[PDB]
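**Q** When you line the first sequence up against the entry's author numbering, it's residues 1 to 397, 403 to 793, 856 to 1307, in that order.
Just so it is clear, CB atoms sit at the ideal spot from N, CA and C, and this is done for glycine as well.
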Amino acid sequence: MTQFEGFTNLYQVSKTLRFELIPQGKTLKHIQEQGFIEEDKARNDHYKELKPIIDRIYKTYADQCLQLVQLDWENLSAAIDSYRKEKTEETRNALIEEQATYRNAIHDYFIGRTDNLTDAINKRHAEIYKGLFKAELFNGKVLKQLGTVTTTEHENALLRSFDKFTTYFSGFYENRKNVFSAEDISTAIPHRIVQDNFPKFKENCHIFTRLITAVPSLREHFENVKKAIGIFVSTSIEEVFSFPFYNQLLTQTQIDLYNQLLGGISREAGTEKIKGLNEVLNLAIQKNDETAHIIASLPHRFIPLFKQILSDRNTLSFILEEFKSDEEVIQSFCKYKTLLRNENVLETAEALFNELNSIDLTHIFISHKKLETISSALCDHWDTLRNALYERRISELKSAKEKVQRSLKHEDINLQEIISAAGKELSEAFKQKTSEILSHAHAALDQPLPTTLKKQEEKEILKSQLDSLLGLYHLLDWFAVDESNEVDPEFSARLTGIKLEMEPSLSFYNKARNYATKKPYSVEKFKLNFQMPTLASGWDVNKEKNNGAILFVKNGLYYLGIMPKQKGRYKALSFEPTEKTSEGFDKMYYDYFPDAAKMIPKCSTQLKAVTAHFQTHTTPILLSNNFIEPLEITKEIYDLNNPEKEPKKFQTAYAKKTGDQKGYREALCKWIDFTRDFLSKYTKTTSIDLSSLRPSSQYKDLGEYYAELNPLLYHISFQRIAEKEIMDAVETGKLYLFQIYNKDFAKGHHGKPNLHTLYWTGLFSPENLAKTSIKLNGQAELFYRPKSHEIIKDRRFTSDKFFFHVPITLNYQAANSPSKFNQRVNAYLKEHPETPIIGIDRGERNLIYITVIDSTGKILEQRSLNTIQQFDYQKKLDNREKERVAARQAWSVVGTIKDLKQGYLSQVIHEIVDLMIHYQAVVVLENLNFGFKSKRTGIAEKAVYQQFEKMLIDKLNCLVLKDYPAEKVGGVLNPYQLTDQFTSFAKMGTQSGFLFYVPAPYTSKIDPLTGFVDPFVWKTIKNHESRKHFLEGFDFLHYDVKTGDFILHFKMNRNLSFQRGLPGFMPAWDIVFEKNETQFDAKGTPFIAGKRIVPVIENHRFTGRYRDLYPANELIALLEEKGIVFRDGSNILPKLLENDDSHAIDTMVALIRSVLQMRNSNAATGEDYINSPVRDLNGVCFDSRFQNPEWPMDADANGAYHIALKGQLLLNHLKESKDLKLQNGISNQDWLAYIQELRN
RNA sequence: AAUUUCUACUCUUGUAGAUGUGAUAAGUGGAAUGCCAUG
DNA sequence: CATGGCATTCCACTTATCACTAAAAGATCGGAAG
DNA sequence: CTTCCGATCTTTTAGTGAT
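#1: Rounded to the nearest angstrom, how far is the Cβ of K370 from that of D482, given a contact under 8 Å?
#2: Going by Cα to Cα distance, which pick from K686, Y563, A434, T1110 is closest to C379?
#3: Nearest to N878 by alpha carbon, out of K144, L10, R862, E5?
#4: State buried or exposed for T610, treating a residue as buried only when at least 16 other CB atoms are found within 10 Å of its CB.
#5: Does the beta-carbon distance from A785 to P903 come in below 8 Å?
#6: For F598, which of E529, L578, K640, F683 has the nearest alpha-carbon?
#7: Under 8 Å between the Cβ atoms of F36 and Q536?
#8: Identify, in the order they occur along the chain, each residue of the same chain with its Cβ nearer than 8 Å to the Cβ of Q286, setting aside the five sequence neighbours on each side.
#9: Pairs of beta-carbons, one from the stretch 973-986 and one from the stretch 931-949, closer than 8 Å: are there three or more?
#10: Could you give the distance in angstroms between the alpha-carbon of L283 and the alpha-carbon of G270?
#11: For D981, does the three-state DSSP call read helix, strand or coil?
#12: Would you identify the three-state DSSP class for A894, choosing helix, strand or coil?
#13: Using the Cβ count rule (16 or more neighbours within 10 Å means buried), how would you classify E1141?
#14: Would you check if the distance between the CB atom of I1199 and the CB atom of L1104 is smaller than 8 Å?
#15: Would a C-beta distance cut-off of 8 Å place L763 and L707 closer than the cut-off?
#16: Less than 8 Å between C-beta atoms, sequence neighbours within five positions excluded: which residues of the same chain meet that for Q70?
#17: Do you know how far the Cα of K752 is from the Cα of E857?
#18: Which first and last residues belong to the beta strand (DSSP E) in which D596 is found?
#19: Based on DSSP bridge pairs, tell me the residues matched to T291.
#20: Below 8 Å, can you find three or more Cβ-Cβ pairs linking the stretch 1273-1293 to the stretch 1235-1245?
#21: How should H622 be labelled, buried or exposed, when 16 other C-beta atoms within 10 angstroms of its C-beta is the threshold for buried?
#22: For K123, which of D945, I111, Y168 has the nearest alpha-carbon?
#23: Tell me which same chain residues have a C-beta within less than 8 Å of the C-beta of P199, skipping the five on either side of it?
#24: Can you list, in chain order, the residues of its chain whose CB lies under 7 Å from that of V280, leaving out five sequence neighbours each side?
#25: Just to confirm, are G1292 and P1066 a CB contact at a threshold of 8 Å?
#26: Can you find at least 3 beta carbon pairs, one from the stretch 179-186 and one from the stretch 158-170, that sit closer than 8 Å?
#27: Can you look up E928 in the DSSP assignment and give me helix, strand or coil?
#28: Use the C-beta contact count for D72: other C-beta atoms within 10 angstroms, 16 or more gives buried, fewer gives exposed.
#29: Could you have a look at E491 and say whether DSSP puts it in helix, strand or coil?
#30: Terminal residues of the continuous alpha helix (DSSP H) containing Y1177?
#31: Identify which residue in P1201, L454, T152 has its Cα closest to the Cα of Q470.
#32: Between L480 and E372, what straight-line distance do the alpha-carbon atoms span, to the nearest angstrom?
#33: Roughly how many angstroms separate the alpha carbons of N178 and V13, rounded to a whole number?
#34: Report the option in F590, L1176, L356 whose CA atom is closest to the CA atom of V1163.
#35: Provide the residue(s) that pair with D939 in DSSP beta bridges, ordered along the chain.
#36: For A521, is the classification buried or exposed, using 16 other Cβ atoms within 10 angstroms of its Cβ as the cut-off for buried?
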């Protein structure tokens, strides 16, 4: 009999707290007189400058090592294909094994253990390999082996700035160690080569060979465009798309050559761009030929490869020069303005366009590709001028129209015919627009430049002048000045001269755009070090004179003490622990031993002396230093930890590989006895009680033993010291004292404290001291941020502050990772079949819409969360989004949206966890693909599909209710754990504890009452033949005279091609065209039944705005226009399908498509609702506007209700699941069949 | 209109909720500008 | 006045790893022997 | 004068997971 309260202390979590340190006493002066702050600032700047210099060495060895790589990729491609055809777990394991094999194979080059290279090269590469993670990067002991790096004197002098300070780069050492590593790490070199770039290359190879097989003419196109680009000249375009060529494309130069081949080299502004492979494929698409329709079906785009990790991009395309200061761009534009005003651009321009009223316009032509711009600038529609040209060429005449359009589409047109075409309105519009543009250019030229670019108004003034000049240049780019057609000579000469004078303005505009849109400089905190290489790395008493960090507790207040190096050496300041009754501070004593897997072999078996002893003679060795009794090590004890193979005989991987469970148990028992002896004899750990440990043979696995053992090694005690000693120490300067401070420690607070402050108080609560539930961690760091009733805005930004980030670890008694979390959750769920379900749906019209259903699916509560605590966050997000959109086009600062979304999601998360605790429910979200959420985030960054899942999973990883007592489940010492330990979204599966994932579609556009979904994908029908075929599948349609509504019948045995291929459980639906009368809801407002909201598509190619539709009214209007009688109640379809007019069938199909659009929304009126086209078997046509609380009110409420039903289906399958598992996703067929089973 | 920090209020020189930091790397999406095409 | 495919710059933004570390090893130097 | 040893401050290192 399990319980909901049993989901606590299942796995450890790690969190970091942040506090402001208040200086205590004279220590502010005593830190200013030493100048440590400026020293750490200069250290940080030197580190920032010197990080890319080391990266050159890493890039150099990466480029050198990969050029020697030679592998066959056939096996990896075969594994990828075999896993691609069917998704089963053993092919997944085979693919994982092949990926690991290839990853190790390439990593052997970096390690120096490959078989395809000589032994001397292997030794040289290994000798290099041992040096990039230690101090020889700075001393040059590994720098000489490459030689090609060629560091000059300034870097070498700046490398000596970090002397005796190599441990600063330790985090950087770990960061770089992830790169040259083979354990499927997403930042690593070989993971990228095997899993990121190679599947893309295989996809590109298969796409290219399918294109070649389908049609052969592009081979000449591809080879010719490759020769025009001039990349990979020594090899063929057939060979470049082959698996042996993937022995190249490891170094960044080859990848950049491939990418520039695929995209095409781009020259500077105003110059024709060399096309790429994807570009010529798109151009082949846009021809709209039958061969274009052939490759429209096929995948018609290659994929570029990803960048190499440590390298940098280089491109053959043009790179624009960059302005470096606002003064520089200001003086450059001022000198440009003086030059442009000295040559007198506007005088010759104005003199040039007034000739157009009085010159032979048969000799003035217009570029054919720019006439659309002229038409859009002169008319309300872009098509007008080309239509006028089309009908005049018709008027001076199937092949005739084709001749007209092919002369229209490519050949430049004389201006005289165009003025003859449009009439006069184009001529006065032309002269008026040219007058407006030169007036704008004149106003920009005369009005001067401001002194600087500090404020946004100066930026928009400069922007306004610049695009005035750009629009002028656009105006001169209208004319076709080329000599292929007739042109007046002096006209062409003056136009070319004024155009080349206007030419450098466009690149100037792009340069100013690049400089102006830079992020403004802000002050930023940096790590303090106090000249300690290992400041606050660990809290231990042995290291307290080295790490220098010591805490004190003073009558509920907390104080951090830092003692510095006195005269450049570690003067061991000491204190005498006095009686408790004496006044003073409470020093925390930190007796801790790290993870025994990481510690016992270090100080027992992997010692230098032991290794030297055992290679020579087999006799056992006694170890006495730092042991209170001499400790013996035997040959086989050393041999288990050092077996010359990866699987140790006490490791369960060896037991899995060989199956020798008996030998594994024996080796494990001997290892446990040995480490028990070590913990008995070691000086640090001889005082720690081990009586809670089980005997050796009772431990199932070594990791279980380690998870048991580690909590015993961590202990905290407190000692009282005289206040006089600490005050004298801080007054002397031998100790810097700071108070850990936040808002909650202020004397004026009365309310509930912050959750972080609750965590901090719970760690130092005496119950946590007695039994360690919340563990203080090491690796603390110090940050200094400079400067950036009576109440002051941004008071915390008014002075420099010292920050203090400290990590803590919770649920410490539990293991570092949970075991079978989802199986425990499913066991509890099977124990409690009546668990409620909460569905969370995300949308853009309304952000969060919740529905709570029971086991039988009845709604207990539904609610929109556009407003929490009477604050409509949706309007604020929408306002912020258009503010950002307007600012990003006005060259203003962009700002951030994350803080406002985080503030909304804080209240949202609190609401969901309150509902979770009050109902003991589960939470279901839709499984959103990364592509879909990224596309909708790009369409609308206001919406919150991402960052809500992360915050949810973070909150249920460890949950503490503030009102709860500290000892209760859900308290600070016993936090709830509802979700699995979050690793990453890639490995996060279909179920994370109490939170589930279901497939997205068929949750909104469906009937709640009946489960009906429209099956007709509408792209199957385009012409009247296919439309009439779609009508033939329907059974009959008649008019009901007693209710005024049409009744239409349909079966899935017809119109199967136009269906989306999902047969429902009902073989028949009764489509009803409700009479468009009005009804009153429960609130009493009138609403029109059967109404539809349809976009305007009258122009047949573009989408307009929204409009209301009344399908019964439109149907009777069309039928009475056709004269078809329907008051007899007869069948209407044969009376209608007999008529062969295409517009009647088009309108009928449009009405059918309109009436199945259950989703009816329009943001202009603020109305969104669902109507059911199919009447329920209880004689009800469902409409959400009736405001029945039994059913969803809105669209997103319906979607939330249906994902809750999907979760209900999953839990119902879980109840009959003997394996305590879940389905590998739910197909749409099973979901729709199940909901149709419930509804019918 | 105060906060380690963020959000929302302002009875309280404050309230409610949230808050895994640092380093590193990759990727995504907008906006502008061109170039080639299509409607 | 829109769409498709590229290219350059700028911005914000998300995702994915690592550490959460005491003690041995070693570099080094001031102080002690031949 | 000429040569080596013990204190002391950096630096690196050790590495576990289901019949």
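**A** If we stick to the structure as given:
#1: Counting from one through the first sequence, the residue named residue 370 turns up at place 370. Counting from one through the first sequence, the residue named residue 482 turns up at place 477. With a Cβ gap of about 7 Å, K370 and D482 count as contacting.
#2: Residue 379 sits at position 379 when you count from the first residue of the first sequence. Ranked by Cα distance from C379, the first of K686, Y563, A434, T1110 is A434.
#3: Against the first sequence, residue 878 aligns to sequence position 811. Among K144, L10, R862, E5, the Cα nearest to that of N878 is on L10.
#4: In the first sequence, residue 610 corresponds to position 605, counting from 1. Buried, because 16 or more other Cβ atoms sit within 10 Å of the Cβ of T610.
#5: Residue 785 sits at position 780 when you count from the first residue of the first sequence. Residue 903 sits at position 836 when you count from the first residue of the first sequence. The Cβ-Cβ distance between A785 and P903 does not fall below 8 Å.
#6: Translated into positions along the first sequence, residue 598 becomes position 593. The option with the nearest alpha carbon to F598 is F683.
#7: What you label residue 36 is simply residue 36 of the first sequence in a count that begins at 1. What you label residue 536 is simply residue 531 of the first sequence in a count that begins at 1. Pairing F36 with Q536 gives a Cβ-Cβ distance under 8 Å.
#8: The residue labelled residue 286 in the question sits at position 286 within the first sequence. Contacts found: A292.
#9: Yes: at least three Cβ pairs fall under 8 Å.
#10: Within the first sequence, numbered from 1, the residue matching residue 283 stands at position 283. Within the first sequence, numbered from 1, the residue matching residue 270 stands at position 270. When rounded, the distance between both Cα atoms is 20 Å.
#11: Translated into positions along the first sequence, residue 981 becomes position 914. Helix.
#12: Sequence index remark: in the first sequence, residue 894 carries index 827 (1-based). Of the three classes helix, strand and coil, the one that applies to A894 here is helix, per DSSP.
#13: Mapped onto the first sequence, residue 1141 falls at position 1074. Taking all protein chains in view, the Cβ of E1141 is crowded by 16 or more other Cβ atoms within 10 Å, so the residue is classified as buried.
#14: Indexing the first sequence from 1 puts residue 1199 at position 1132. Indexing the first sequence from 1 puts residue 1104 at position 1037. In this structure, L1104 lies closer than 8 Å to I1199 by Cβ.
#15: As a working mapping, residue 763 is identified with position 758 in the first sequence. As a working mapping, residue 707 is identified with position 702 in the first sequence. No. Outside cutoff.
#16: Translated into the one-based positions of the first sequence, residue 70 becomes position 70. These residues qualify, in order along the chain: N116, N247.
#17: Residue numbering aside, residue 857 sits at position 790 when the first sequence is read from its first letter. Residue numbering aside, residue 752 sits at position 747 when the first sequence is read from its first letter. C-alpha separation (whole angstroms): 17 Å.
#18: Locating residue 596 in the first sequence gives position 591, counting from the first residue. Its beta strand (DSSP E) spans residues 591-597.
#19: Indexing the first sequence from 1 puts residue 291 at position 291. In the DSSP output, where bridge partners are listed per residue, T291 has none listed.
#20: no
#21: For the purposes of this step, residue 622 is taken as the residue at position 617 of the first sequence. Its Cβ having fewer than 16 others within 10 Å, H622 is exposed.
#22: Taking the first sequence and counting its residues from 1, one reaches residue 123 at position 123. Closest by alpha carbon: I111.
#23: Locating residue 199 in the first sequence gives position 199, counting from the first residue. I80, listed in sequence order.
#24: Residue numbering aside, residue 280 sits at position 280 when the first sequence is read from its first letter. Only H221, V225 meet the Cβ criterion.
#25: As a first step, residue 1292 is located in the first sequence; it is residue number 1225 there, counting from the start. As a first step, residue 1066 is located in the first sequence; it is residue number 999 there, counting from the start. Yes, these two residues count as a Cβ contact at 8 Å.
#26: no
#27: In the first sequence, residue 928 corresponds to position 861, counting from 1. Looking at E928 - three-state DSSP - the assignment turns out to be strand.
#28: Numbered from its first residue, the first sequence carries residue 72 at position 72. Flag for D72 reads exposed.
#29: On the first sequence, residue 491 is found 486 positions in, with the first residue counted as 1. Correct three-state label for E491: coil.
#30: Residue mapping note: residue 1177 aligns to position 1110 of the first sequence, counting from 1. Premise fails: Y1177 is in no alpha helix (DSSP H) and is neither H nor E.
#31: The sequence position of residue 470 within the first sequence is 465, counting from 1. Minimum Cα distance to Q470 is reached at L454.
#32: The count along the first sequence starts at 1 and reaches residue 480 at position 475. The count along the first sequence starts at 1 and reaches residue 372 at position 372. So the alpha carbons of these two residues sit roughly 13 Å apart.
#33: Numbered from 1 along the first sequence, position 178 holds the residue referred to as residue 178. Numbered from 1 along the first sequence, position 13 holds the residue referred to as residue 13. Distance between the alpha carbons of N178 and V13 is about 23 Å.
#34: Along the first sequence, read from residue 1 onward, the residue named residue 1163 stands at position 1096. If we check each option's Cα against that of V1163, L1176 comes out closest.
#35: Taking the first sequence and counting its residues from 1, the one referred to as residue 939 is at position 872. In the DSSP output, where bridge partners are listed per residue, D939 has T934.
#36: Your numbering for residue 521 matches position 516 in the first sequence. Buried, since its Cβ has 16 or more Cβ neighbours within 10 Å.
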